[PDB]
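Below is one structure, written out as C-alpha cells; the observations come after it.
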Amino acid sequence: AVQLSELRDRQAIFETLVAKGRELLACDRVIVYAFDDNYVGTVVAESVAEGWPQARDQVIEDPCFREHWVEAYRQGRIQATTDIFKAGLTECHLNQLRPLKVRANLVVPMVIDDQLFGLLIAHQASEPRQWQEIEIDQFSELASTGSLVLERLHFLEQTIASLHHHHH
Ligand SMILES: *[C@H](c1[nH]c(/C=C2\NC(=O)C(CC)=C2C)c(C)c1CCC(=O)O)c1[nH]c(C[C@H]2NC(=O)C(C)=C2[C@@H](*)C)c(C)c1CCC(=O)O
Numbered sequence: 431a432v433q434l435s436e437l438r439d440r441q442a443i444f445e446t447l448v449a450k451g452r453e454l455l456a457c458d459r460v461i462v463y464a465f466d467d468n469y470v471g472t473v474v475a476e477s478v479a480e481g482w483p484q485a486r487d488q489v490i491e492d493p494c495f496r497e498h499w500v501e502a503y504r505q506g507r508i509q510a511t512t513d514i515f516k517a518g519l520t521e522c523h524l525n526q527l528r529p530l531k532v533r534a535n536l537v538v539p540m541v542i543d544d545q546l547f548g549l550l551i552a553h554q555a556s557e558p559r560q561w562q563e564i565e566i567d568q569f570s571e572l573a574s575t576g577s578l579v580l581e582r583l584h585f586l587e588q589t590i591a592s593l594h595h596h597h598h
C-alpha cells in the first residue's frame, strides 16, 4: 500500500472480515493476522465476544510460517483443528494460544497479488469444535473475496495515479 487513505479502506475491510466472520461462525474470536517481510504476524483487526481476552494489536512471532507454510498457504492451504490439545502441537505453540483461551481454530489464507498477505483465523474458546465443510468454504471465500477486493483496490489506485499523471 502507498497509504493516502489506502490504509483507511483497508482497515474497514479487515473489520468487515472479522465481524462477518464471527457472526457467520458464531465462534468466540475472529482475527486478521497480517505478516511483515519476515512473516511475523500482527493482529490488525479482531472481533471477539464479551468475556474473552482481546488479541487486537498483538505481535506474535511464529517461525513455522516462514519455515514451512508460506508457500502452502499461498496456494490456498486451509487448516482446521477440532482440538488444539490433540493435534500434536508442541508446548511453544500452545503457550501462544493459552492466554487467548483457544480450544479450536480455523486458519484460511489471505492472498493478495500472489503474495501471502496474512491469515484469517477463527477461534473457539469454550470447548472443542469440528468445523463443517460448509463453514470452511464460506469462511475461505470470505477471506479470499476480501483479499481480492484489497488487491483490485490497490491496482485501481495505481491506475488512477498513472492516468492523472500522464493526462494531456
Ligand atoms: C505453525 C503454526 N502456527 C500457527 C499460529 C497460530 N495459531 C493461531 O490460532 C494463531 C492466532 C493466535 C496463530 C498465530 C498455526 C495455525 C500453525 C499451523 C500451520 C499449519 O499447519 O498450516 C507452528 N508454529 C509452532 C510454534 C513453535 N515452533 C517453533 O519453532 C517455535 C519457536 C515455536 C514456539 C513459538 C508450531 C509448533 C507449529 C506447528 C508445527 C509446524 O507445522 O511447524
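In PDB author numbering, the protein residues as written are 431 to 598.
Where a beta carbon is used, it is the ideal one built from N, C-alpha and C, also for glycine.
DSSP places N525 in the helix class (H, G or I) of the three-state scheme. Assigned with DSSP and collapsed to three states, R504 falls in helix.
Only exposed fits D467, as fewer than 16 other CB atoms lie within 10 angstroms of its CB. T511 is classed as buried because its beta carbon has at least 16 other beta carbons within 10 Å across all chains shown. Counting along the chain, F495 sits inside no alpha helix (DSSP H), nor does DSSP assign it H or E at all.
Relative to the non-hydrogen atoms of ligand 1, the Cβ of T520 comes within a distance shorter than 7 angstroms of at least one.
In the three-state DSSP reduction, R459 falls in the strand class (E or B). A distance criterion of 7 angstroms places the beta-carbon of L546 beyond contact range of ligand 1, judged by its closest non-hydrogen atom. Here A475 has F444, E445, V448 and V462 as same chain residues with Cβ atoms under 6 angstroms from its own Cβ, once five neighbours each way along the sequence are excluded.
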